[PDB]
Each structure stands twice: as structure tokens, then as C-alpha cells.
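Here is the file run14.txt (compact mmCIF, N, CA, C and O atoms).
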```txt
# COMPACT_ATOMS: atom_id res chain seq x y z
N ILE A 1 27.41 44.00 -55.61
CA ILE A 1 26.63 42.77 -55.62
C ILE A 1 27.60 41.61 -55.76
O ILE A 1 28.49 41.64 -56.61
N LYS A 2 27.42 40.59 -54.93
CA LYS A 2 28.25 39.39 -54.96
C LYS A 2 27.34 38.18 -55.04
O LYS A 2 26.69 37.82 -54.05
N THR A 3 27.29 37.54 -56.20
CA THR A 3 26.54 36.30 -56.37
C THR A 3 27.41 35.14 -55.92
O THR A 3 28.52 34.95 -56.43
N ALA A 4 26.92 34.35 -54.96
CA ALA A 4 27.70 33.27 -54.41
C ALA A 4 26.91 31.97 -54.45
O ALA A 4 25.69 31.98 -54.23
N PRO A 5 27.56 30.84 -54.73
CA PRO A 5 26.85 29.56 -54.67
C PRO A 5 26.51 29.19 -53.24
O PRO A 5 27.38 29.14 -52.37
N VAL A 6 25.23 28.94 -53.00
CA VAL A 6 24.75 28.54 -51.68
C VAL A 6 24.21 27.12 -51.76
O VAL A 6 24.21 26.50 -52.82
N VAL A 7 23.78 26.59 -50.62
CA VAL A 7 23.18 25.26 -50.55
C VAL A 7 21.69 25.39 -50.84
O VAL A 7 21.02 26.21 -50.19
N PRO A 8 21.14 24.64 -51.79
CA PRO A 8 19.71 24.76 -52.10
C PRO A 8 18.87 24.47 -50.87
O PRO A 8 19.20 23.57 -50.08
N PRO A 9 17.77 25.20 -50.68
CA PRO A 9 17.00 25.07 -49.43
C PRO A 9 16.37 23.70 -49.24
O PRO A 9 16.05 23.35 -48.09
N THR A 10 16.18 22.93 -50.30
CA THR A 10 15.49 21.65 -50.20
C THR A 10 16.44 20.49 -49.90
O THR A 10 15.96 19.37 -49.69
N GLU A 11 17.75 20.72 -49.87
CA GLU A 11 18.71 19.67 -49.58
C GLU A 11 19.33 19.83 -48.20
O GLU A 11 20.42 19.30 -47.95
N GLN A 12 18.67 20.55 -47.30
CA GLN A 12 19.10 20.65 -45.92
C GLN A 12 17.86 20.84 -45.06
O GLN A 12 16.82 21.30 -45.53
N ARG A 13 17.99 20.48 -43.79
CA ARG A 13 16.87 20.52 -42.86
C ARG A 13 17.35 21.01 -41.51
O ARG A 13 18.30 20.45 -40.96
N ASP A 14 16.70 22.04 -40.98
CA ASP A 14 16.98 22.46 -39.61
C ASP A 14 16.38 21.48 -38.63
O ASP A 14 15.20 21.11 -38.74
N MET A 15 17.19 21.03 -37.67
CA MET A 15 16.77 20.08 -36.66
C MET A 15 17.04 20.67 -35.29
O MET A 15 18.17 21.07 -35.00
N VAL A 16 16.02 20.73 -34.45
CA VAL A 16 16.16 21.30 -33.12
C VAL A 16 16.85 20.29 -32.21
O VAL A 16 16.46 19.12 -32.15
N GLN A 17 17.89 20.74 -31.52
CA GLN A 17 18.65 19.90 -30.60
C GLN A 17 18.52 20.47 -29.20
O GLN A 17 18.66 21.68 -29.00
N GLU A 18 18.23 19.60 -28.24
CA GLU A 18 18.07 19.99 -26.84
C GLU A 18 19.27 19.48 -26.07
O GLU A 18 19.45 18.27 -25.92
N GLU A 19 20.10 20.40 -25.58
CA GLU A 19 21.34 20.05 -24.90
C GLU A 19 21.15 20.17 -23.40
O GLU A 19 20.73 21.22 -22.90
N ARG A 20 21.45 19.09 -22.68
CA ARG A 20 21.32 19.05 -21.24
C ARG A 20 22.63 18.60 -20.63
O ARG A 20 23.34 17.77 -21.19
N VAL A 21 22.95 19.15 -19.45
CA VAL A 21 24.19 18.79 -18.77
C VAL A 21 24.01 17.65 -17.78
O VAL A 21 25.01 17.08 -17.32
N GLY A 22 22.78 17.31 -17.42
CA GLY A 22 22.57 16.21 -16.50
C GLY A 22 21.12 15.83 -16.44
O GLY A 22 20.23 16.63 -16.75
N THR A 23 20.88 14.59 -16.02
CA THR A 23 19.53 14.06 -15.95
C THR A 23 18.87 14.49 -14.65
O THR A 23 19.41 14.22 -13.57
N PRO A 24 17.73 15.16 -14.70
CA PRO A 24 17.08 15.62 -13.46
C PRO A 24 16.61 14.45 -12.60
O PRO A 24 16.24 13.39 -13.10
N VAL A 25 16.62 14.69 -11.29
CA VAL A 25 16.25 13.68 -10.31
C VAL A 25 14.76 13.39 -10.40
O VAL A 25 14.03 14.07 -11.13
N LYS A 26 14.31 12.37 -9.68
CA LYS A 26 12.90 11.98 -9.71
C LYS A 26 12.01 13.09 -9.17
O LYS A 26 11.04 13.49 -9.82
N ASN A 27 12.31 13.60 -7.98
CA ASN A 27 11.55 14.71 -7.39
C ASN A 27 12.25 16.03 -7.69
O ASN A 27 12.78 16.70 -6.81
N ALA A 28 12.24 16.39 -8.97
CA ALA A 28 12.99 17.56 -9.41
C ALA A 28 12.39 18.85 -8.88
O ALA A 28 13.11 19.78 -8.50
N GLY A 29 11.07 18.95 -8.84
CA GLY A 29 10.46 20.17 -8.37
C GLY A 29 10.33 20.28 -6.87
O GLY A 29 9.77 21.26 -6.38
N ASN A 30 10.84 19.31 -6.13
CA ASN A 30 10.69 19.25 -4.68
C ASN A 30 11.99 19.72 -4.04
O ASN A 30 13.06 19.16 -4.32
N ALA A 31 11.90 20.75 -3.20
CA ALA A 31 13.07 21.21 -2.49
C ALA A 31 13.49 20.21 -1.41
O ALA A 31 14.68 19.98 -1.20
N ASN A 32 12.51 19.62 -0.72
CA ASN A 32 12.76 18.64 0.33
C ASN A 32 11.89 17.42 0.10
O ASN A 32 10.77 17.33 0.63
N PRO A 33 12.35 16.46 -0.70
CA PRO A 33 11.62 15.20 -0.83
C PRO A 33 11.74 14.30 0.39
O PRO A 33 11.08 13.27 0.44
N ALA A 34 12.57 14.66 1.36
CA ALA A 34 12.75 13.88 2.57
C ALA A 34 11.83 14.32 3.69
O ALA A 34 11.97 13.84 4.82
N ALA A 35 10.90 15.23 3.42
CA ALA A 35 9.93 15.67 4.41
C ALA A 35 8.68 14.80 4.44
O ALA A 35 7.84 14.98 5.32
N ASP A 36 8.53 13.89 3.48
CA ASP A 36 7.47 12.89 3.57
C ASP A 36 7.82 11.81 4.57
O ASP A 36 6.92 11.20 5.16
N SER A 37 9.11 11.54 4.76
CA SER A 37 9.60 10.57 5.72
C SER A 37 9.78 11.19 7.10
O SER A 37 9.34 10.62 8.10
N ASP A 38 10.40 12.37 7.16
CA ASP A 38 10.63 13.05 8.43
C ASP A 38 9.34 13.45 9.13
O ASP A 38 9.37 13.76 10.32
N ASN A 39 8.21 13.45 8.42
CA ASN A 39 6.92 13.80 9.00
C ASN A 39 6.01 12.59 9.13
O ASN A 39 4.81 12.77 9.38
N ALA A 40 6.53 11.38 8.98
CA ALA A 40 5.76 10.16 9.21
C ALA A 40 6.01 9.72 10.65
O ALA A 40 6.81 8.84 10.94
N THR A 41 5.30 10.38 11.57
CA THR A 41 5.49 10.13 12.99
C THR A 41 4.68 8.95 13.50
O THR A 41 4.87 8.54 14.64
N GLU A 42 3.78 8.41 12.69
CA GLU A 42 3.05 7.20 13.06
C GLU A 42 3.68 5.93 12.50
O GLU A 42 3.44 4.85 13.05
N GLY A 43 4.48 6.04 11.46
CA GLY A 43 5.10 4.90 10.82
C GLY A 43 4.67 4.76 9.37
O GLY A 43 3.82 5.49 8.86
N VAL A 44 5.30 3.80 8.71
CA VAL A 44 5.04 3.49 7.31
C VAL A 44 5.03 1.97 7.16
O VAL A 44 5.91 1.29 7.69
N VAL A 45 4.05 1.45 6.44
CA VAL A 45 3.93 0.01 6.24
C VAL A 45 4.48 -0.41 4.89
O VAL A 45 5.13 0.37 4.20
N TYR B 1 -5.64 -15.01 -6.15
CA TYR B 1 -6.51 -15.30 -5.02
C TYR B 1 -7.94 -14.83 -5.28
O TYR B 1 -8.17 -13.86 -6.01
N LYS B 2 -8.89 -15.52 -4.67
CA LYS B 2 -10.30 -15.21 -4.81
C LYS B 2 -10.95 -15.15 -3.43
O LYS B 2 -10.59 -15.91 -2.53
N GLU B 3 -11.91 -14.24 -3.29
CA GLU B 3 -12.69 -14.10 -2.06
C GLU B 3 -13.96 -14.93 -2.22
O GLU B 3 -14.92 -14.49 -2.86
N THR B 4 -13.96 -16.14 -1.65
CA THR B 4 -15.06 -17.08 -1.84
C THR B 4 -15.56 -17.65 -0.52
O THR B 4 -15.96 -18.81 -0.46
N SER B 5 -15.54 -16.84 0.55
CA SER B 5 -16.20 -17.18 1.81
C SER B 5 -15.65 -18.50 2.38
O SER B 5 -16.33 -19.53 2.41
N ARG B 6 -14.39 -18.43 2.80
CA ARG B 6 -13.75 -19.54 3.50
C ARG B 6 -14.65 -20.03 4.63
O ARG B 6 -15.23 -19.24 5.38
N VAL B 7 -14.77 -21.35 4.74
CA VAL B 7 -15.81 -22.00 5.54
C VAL B 7 -15.18 -22.59 6.79
O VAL B 7 -14.19 -23.33 6.71
N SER B 8 -15.76 -22.28 7.94
CA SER B 8 -15.50 -22.95 9.20
C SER B 8 -16.74 -23.73 9.62
O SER B 8 -17.86 -23.44 9.19
N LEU B 9 -16.54 -24.75 10.45
CA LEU B 9 -17.65 -25.60 10.84
C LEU B 9 -18.57 -24.87 11.81
O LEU B 9 -18.11 -24.23 12.76
N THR B 10 -19.87 -24.97 11.57
CA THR B 10 -20.83 -24.16 12.31
C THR B 10 -21.06 -24.66 13.73
O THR B 10 -21.46 -23.87 14.60
N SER B 11 -20.82 -25.94 14.01
CA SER B 11 -21.14 -26.45 15.33
C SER B 11 -20.29 -27.67 15.63
O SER B 11 -19.99 -28.47 14.74
N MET B 12 -19.92 -27.80 16.89
CA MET B 12 -19.24 -28.99 17.40
C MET B 12 -20.28 -30.08 17.54
O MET B 12 -21.05 -30.10 18.50
N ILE B 13 -20.33 -30.99 16.57
CA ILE B 13 -21.33 -32.05 16.60
C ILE B 13 -20.98 -33.03 17.71
O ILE B 13 -19.94 -33.69 17.66
N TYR B 14 -21.85 -33.13 18.70
CA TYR B 14 -21.63 -33.96 19.87
C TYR B 14 -22.29 -35.31 19.68
O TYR B 14 -23.42 -35.40 19.19
N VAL B 15 -21.60 -36.37 20.08
CA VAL B 15 -22.15 -37.71 20.02
C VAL B 15 -22.34 -38.23 21.44
O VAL B 15 -21.73 -37.75 22.39
N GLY B 16 -23.20 -39.22 21.56
CA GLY B 16 -23.61 -39.72 22.87
C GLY B 16 -25.10 -39.48 22.96
O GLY B 16 -25.61 -38.40 22.65
N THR B 17 -25.83 -40.51 23.37
CA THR B 17 -27.27 -40.42 23.47
C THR B 17 -27.74 -40.03 24.86
O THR B 17 -28.88 -39.57 25.00
N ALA B 18 -26.90 -40.19 25.87
CA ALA B 18 -27.25 -39.85 27.24
C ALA B 18 -26.15 -39.00 27.84
O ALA B 18 -24.97 -39.24 27.60
N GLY B 19 -26.54 -38.01 28.62
CA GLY B 19 -25.62 -37.20 29.38
C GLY B 19 -25.62 -35.76 28.91
O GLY B 19 -26.43 -35.33 28.08
N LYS B 20 -24.69 -35.00 29.47
CA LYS B 20 -24.42 -33.62 29.09
C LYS B 20 -23.05 -33.55 28.43
O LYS B 20 -22.19 -34.40 28.65
N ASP B 21 -22.85 -32.51 27.64
CA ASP B 21 -21.56 -32.34 26.99
C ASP B 21 -20.61 -31.58 27.90
O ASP B 21 -20.95 -31.18 29.01
N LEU B 22 -19.40 -31.36 27.41
CA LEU B 22 -18.34 -30.74 28.19
C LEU B 22 -18.10 -29.29 27.78
O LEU B 22 -17.02 -28.75 28.05
N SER B 23 -19.08 -28.66 27.15
CA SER B 23 -18.92 -27.27 26.75
C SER B 23 -18.74 -26.39 27.98
O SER B 23 -19.20 -26.71 29.07
N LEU B 24 -18.05 -25.27 27.79
CA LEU B 24 -17.83 -24.34 28.87
C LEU B 24 -19.15 -23.77 29.36
O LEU B 24 -20.13 -23.70 28.61
N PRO B 25 -19.22 -23.37 30.63
CA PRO B 25 -20.41 -22.66 31.10
C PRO B 25 -20.63 -21.39 30.29
O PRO B 25 -19.69 -20.74 29.85
N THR B 26 -21.90 -21.06 30.09
CA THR B 26 -22.27 -20.03 29.13
C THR B 26 -21.73 -18.66 29.50
O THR B 26 -21.67 -17.78 28.63
N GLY B 27 -21.34 -18.44 30.75
CA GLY B 27 -20.83 -17.15 31.14
C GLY B 27 -19.34 -17.14 31.42
O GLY B 27 -18.84 -16.25 32.12
N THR B 28 -18.62 -18.12 30.89
CA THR B 28 -17.19 -18.24 31.14
C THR B 28 -16.35 -17.45 30.14
O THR B 28 -15.49 -16.67 30.54
N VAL B 29 -16.58 -17.65 28.84
CA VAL B 29 -15.85 -16.85 27.86
C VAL B 29 -16.36 -15.41 27.83
O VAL B 29 -15.63 -14.52 27.40
N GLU B 30 -17.59 -15.17 28.28
CA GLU B 30 -18.07 -13.80 28.37
C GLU B 30 -17.33 -13.03 29.46
O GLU B 30 -17.10 -11.82 29.32
N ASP B 31 -16.97 -13.71 30.55
CA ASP B 31 -16.20 -13.06 31.60
C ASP B 31 -14.74 -12.87 31.20
O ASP B 31 -14.06 -12.00 31.74
N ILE B 32 -14.24 -13.70 30.29
CA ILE B 32 -12.87 -13.56 29.82
C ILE B 32 -12.76 -12.38 28.87
O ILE B 32 -11.78 -11.62 28.91
N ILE B 33 -13.74 -12.21 27.99
CA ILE B 33 -13.73 -11.08 27.07
C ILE B 33 -13.85 -9.77 27.83
O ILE B 33 -13.17 -8.79 27.52
N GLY B 34 -14.71 -9.74 28.85
CA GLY B 34 -14.86 -8.53 29.64
C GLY B 34 -13.58 -8.15 30.37
O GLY B 34 -13.29 -6.96 30.54
N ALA B 35 -12.82 -9.14 30.82
CA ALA B 35 -11.54 -8.86 31.45
C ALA B 35 -10.53 -8.33 30.45
O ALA B 35 -9.75 -7.42 30.76
N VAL B 36 -10.51 -8.90 29.24
CA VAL B 36 -9.61 -8.43 28.20
C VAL B 36 -9.99 -7.03 27.75
O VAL B 36 -9.12 -6.21 27.42
N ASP B 37 -11.29 -6.72 27.72
CA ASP B 37 -11.72 -5.37 27.37
C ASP B 37 -11.26 -4.35 28.39
O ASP B 37 -11.02 -3.19 28.04
N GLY B 38 -11.15 -4.75 29.66
CA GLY B 38 -10.69 -3.82 30.67
C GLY B 38 -9.26 -3.36 30.46
O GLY B 38 -8.92 -2.22 30.79
N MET B 39 -8.41 -4.23 29.92
CA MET B 39 -7.02 -3.86 29.66
C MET B 39 -6.89 -2.81 28.57
O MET B 39 -5.84 -2.17 28.48
N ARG B 40 -7.91 -2.65 27.73
CA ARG B 40 -7.99 -1.58 26.73
C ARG B 40 -6.72 -1.47 25.90
O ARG B 40 -6.22 -0.38 25.60
N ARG B 41 -6.21 -2.63 25.47
CA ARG B 41 -5.03 -2.72 24.63
C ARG B 41 -5.35 -3.01 23.17
O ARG B 41 -4.41 -3.20 22.39
N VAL B 42 -6.62 -3.06 22.79
CA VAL B 42 -6.99 -3.51 21.45
C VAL B 42 -6.23 -2.73 20.40
O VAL B 42 -6.22 -1.49 20.40
N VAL B 43 -5.55 -3.45 19.52
CA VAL B 43 -4.75 -2.85 18.46
C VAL B 43 -5.64 -2.62 17.26
O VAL B 43 -6.47 -3.47 16.90
N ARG B 44 -5.52 -1.46 16.64
CA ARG B 44 -6.36 -1.09 15.52
C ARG B 44 -5.60 -0.59 14.31
O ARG B 44 -6.14 -0.66 13.20
N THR B 45 -4.38 -0.08 14.46
CA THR B 45 -3.64 0.50 13.36
C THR B 45 -2.22 -0.04 13.33
O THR B 45 -1.65 -0.38 14.37
N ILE B 46 -1.66 -0.12 12.13
CA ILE B 46 -0.28 -0.52 11.91
C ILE B 46 0.41 0.60 11.13
O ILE B 46 0.40 0.63 9.89
N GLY B 47 1.03 1.53 11.85
CA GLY B 47 1.64 2.68 11.21
C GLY B 47 0.64 3.59 10.54
O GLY B 47 0.87 4.02 9.40
N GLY B 48 -0.46 3.90 11.21
CA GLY B 48 -1.52 4.71 10.63
C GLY B 48 -2.51 3.91 9.82
O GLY B 48 -3.71 4.16 9.88
N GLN B 49 -2.01 2.94 9.06
CA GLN B 49 -2.88 2.04 8.33
C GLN B 49 -3.70 1.18 9.28
O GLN B 49 -3.16 0.63 10.25
N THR B 50 -4.99 1.05 9.02
CA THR B 50 -5.84 0.18 9.81
C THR B 50 -5.55 -1.28 9.50
O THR B 50 -5.44 -1.66 8.33
```

What would the structure in this file look like if it were written as C-alpha cells?
Amino acid sequence: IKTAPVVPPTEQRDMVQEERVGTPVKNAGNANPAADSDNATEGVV
Amino acid sequence: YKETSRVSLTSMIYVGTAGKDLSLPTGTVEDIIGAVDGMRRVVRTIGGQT
């Protein structure tokens, strides 16, 4: 048995951190966001 | 902006107590519209948008 001094549970707080490597684009779920333009065969106002 | 029924004048008020006016013959602009209708160029859409 080894009794060791630890940090009291009430003087620390677990905080969830979300780590990201880059900011997702506007049309993140779209494989081809350029197909709204390539399929505008009548024009756009 | 507000939609408040922009007003145009309802009639060309003619003055003169004697004579006839100089308005076009009643079948003159009707024959012009019919000729323009034959060309069938009436534009209705601007890039799909009406």
C-alpha cells in the first residue's frame, strides 16, 4: 500500500477541448458546390 | 418605397370649341400592335426569372 498526496477533487475541473486542424468551408457537405452554376443553362440574375 | 398607385393622366383634355381633334384613327395603333405580335419576339424571362 502506498499512500500518496493527490490533488483534492474540488480544486480541479475537467474541461473538454475540441481540437481542429482547419476551418471547414461554407459548403462542407457538398462534393461539388460548383454544379449549381454549371447547371444554370438559362442564366442567373 | 411604397406601392401607392402611381397616377397617370386619364385623358388628353382637348381644347377648342369647333372642329375635330388630331387623335390617331381608331384602327391605327391596333394595326401596329398586330404587326408587332406577328414578330413573336415578346420577352418574358430574364435568366429564368420572369

*For chain B, report every residue with an atom at most 7 Å from chain A (counting all atoms listed in the file), formatted as a PyMOL selection string.*
chain B and resi 46-49

*CA of residue 42 in chain B to CA of residue 30 in chain B, straight-line distance in Å*: 16.6 Å

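Counting from atom O of residue 13 in chain B, the distance to CA of residue 25 in chain B is 17.4 Å.
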
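If you look at CA of residue 26 in chain B and CA of residue 14 in chain B, they are 16.7 Å away from each other.
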
DSSP-assigned alpha helix (DSSP H) among chain B, expressed as a PDB file with N, CA, C and O atoms, in the frame of the given file:
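Dumped everything to selection-v3.pdb:
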```pdb
ATOM      1  N   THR B  28     -18.620 -18.120  30.890  1.00  0.00           N
ATOM      2  CA  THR B  28     -17.190 -18.240  31.140  1.00  0.00           C
ATOM      3  C   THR B  28     -16.350 -17.450  30.140  1.00  0.00           C
ATOM      4  O   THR B  28     -15.490 -16.670  30.540  1.00  0.00           O
ATOM      5  N   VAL B  29     -16.580 -17.650  28.840  1.00  0.00           N
ATOM      6  CA  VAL B  29     -15.850 -16.850  27.860  1.00  0.00           C
ATOM      7  C   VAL B  29     -16.360 -15.410  27.830  1.00  0.00           C
ATOM      8  O   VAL B  29     -15.630 -14.520  27.400  1.00  0.00           O
ATOM      9  N   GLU B  30     -17.590 -15.170  28.280  1.00  0.00           N
ATOM     10  CA  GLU B  30     -18.070 -13.800  28.370  1.00  0.00           C
ATOM     11  C   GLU B  30     -17.330 -13.030  29.460  1.00  0.00           C
ATOM     12  O   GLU B  30     -17.100 -11.820  29.320  1.00  0.00           O
ATOM     13  N   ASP B  31     -16.970 -13.710  30.550  1.00  0.00           N
ATOM     14  CA  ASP B  31     -16.200 -13.060  31.600  1.00  0.00           C
ATOM     15  C   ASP B  31     -14.740 -12.870  31.200  1.00  0.00           C
ATOM     16  O   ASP B  31     -14.060 -12.000  31.740  1.00  0.00           O
ATOM     17  N   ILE B  32     -14.240 -13.700  30.290  1.00  0.00           N
ATOM     18  CA  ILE B  32     -12.870 -13.560  29.820  1.00  0.00           C
ATOM     19  C   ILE B  32     -12.760 -12.380  28.870  1.00  0.00           C
ATOM     20  O   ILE B  32     -11.780 -11.620  28.910  1.00  0.00           O
ATOM     21  N   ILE B  33     -13.740 -12.210  27.990  1.00  0.00           N
ATOM     22  CA  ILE B  33     -13.730 -11.080  27.070  1.00  0.00           C
ATOM     23  C   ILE B  33     -13.850  -9.770  27.830  1.00  0.00           C
ATOM     24  O   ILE B  33     -13.170  -8.790  27.520  1.00  0.00           O
ATOM     25  N   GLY B  34     -14.710  -9.740  28.850  1.00  0.00           N
ATOM     26  CA  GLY B  34     -14.860  -8.530  29.640  1.00  0.00           C
ATOM     27  C   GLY B  34     -13.580  -8.150  30.370  1.00  0.00           C
ATOM     28  O   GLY B  34     -13.290  -6.960  30.540  1.00  0.00           O
ATOM     29  N   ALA B  35     -12.820  -9.140  30.820  1.00  0.00           N
ATOM     30  CA  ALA B  35     -11.540  -8.860  31.450  1.00  0.00           C
ATOM     31  C   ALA B  35     -10.530  -8.330  30.450  1.00  0.00           C
ATOM     32  O   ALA B  35      -9.750  -7.420  30.760  1.00  0.00           O
ATOM     33  N   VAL B  36     -10.510  -8.900  29.240  1.00  0.00           N
ATOM     34  CA  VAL B  36      -9.610  -8.430  28.200  1.00  0.00           C
ATOM     35  C   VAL B  36      -9.990  -7.030  27.750  1.00  0.00           C
ATOM     36  O   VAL B  36      -9.120  -6.210  27.420  1.00  0.00           O
ATOM     37  N   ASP B  37     -11.290  -6.720  27.720  1.00  0.00           N
ATOM     38  CA  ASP B  37     -11.720  -5.370  27.370  1.00  0.00           C
ATOM     39  C   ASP B  37     -11.260  -4.350  28.390  1.00  0.00           C
ATOM     40  O   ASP B  37     -11.020  -3.190  28.040  1.00  0.00           O
ATOM     41  N   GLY B  38     -11.150  -4.750  29.660  1.00  0.00           N
ATOM     42  CA  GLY B  38     -10.690  -3.820  30.670  1.00  0.00           C
ATOM     43  C   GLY B  38      -9.260  -3.360  30.460  1.00  0.00           C
ATOM     44  O   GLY B  38      -8.920  -2.220  30.790  1.00  0.00           O
ATOM     45  N   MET B  39      -8.410  -4.230  29.920  1.00  0.00           N
ATOM     46  CA  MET B  39      -7.020  -3.860  29.660  1.00  0.00           C
ATOM     47  C   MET B  39      -6.890  -2.810  28.570  1.00  0.00           C
ATOM     48  O   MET B  39      -5.840  -2.170  28.480  1.00  0.00           O
TER      49      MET B  39
END
```

For range 19-27 of chain B, I'd like the enclosing box, axis-aligned and padded by 4 Å on every side, reported as lines of an AutoDock Vina configuration file with centre and edge lengths in Å to one decimal.
```
center_x = -21.8
center_y = -27.1
center_z = 29.4
size_x = 17.5
size_y = 29.8
size_z = 13.4
```
